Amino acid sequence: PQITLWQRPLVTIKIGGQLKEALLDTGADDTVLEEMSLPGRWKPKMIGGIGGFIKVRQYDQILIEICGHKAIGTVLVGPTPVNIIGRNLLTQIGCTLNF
């Protein structure tokens, strides 16, 4: 798909067997989703941005399906305002920026 940025680039993702709405975010190094439970061992992490830092739980080797393209990677879970797909998973689906 070729996605215009007149609006926020929201897409559906399937994770944990759940369907969710997420933003394709090229400015984000990591993927961060709102509170949910994933199976596995997790590690605490602090991630910061505009507004300061938030504590998240880091889960590795998670499978996600973005618009139909499976991808595997680390996923951070915490009190984020919107589900964000960052560069660690966008590279796996082959997403590029073009102008």
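Note that residue numbering follows the sequence shown and begins at 1.
Chemist: Higher mean Cα B-factor in the deposited model: 64-72 or 32-40?
Modeler: The recorded data point to 64-72.
Chemist: Given the B-factors recorded for C-alpha atoms, which segment has the greater mean, 22-30 or 48-56?
Modeler: Comparing averages over the C-alpha atoms only gives 48-56.
Chemist: In terms of CA temperature factor as recorded, identify the highest of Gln7, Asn98, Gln2, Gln92.
Modeler: Top of the list by C-alpha B-factor: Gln2.
Chemist: Which third, lowest, middle or highest, does the C-alpha temperature factor of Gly78 belong to within its own chain?
Modeler: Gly78: CA B-factor falls in the lowest third of its chain.
Chemist: Please place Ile15 in the lowest, middle or highest third of its chain according to the CA B-factor in the PDB entry.
Modeler: For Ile15, whose C-alpha B-factor we compare with every modelled residue in the chain, the answer is the highest third.
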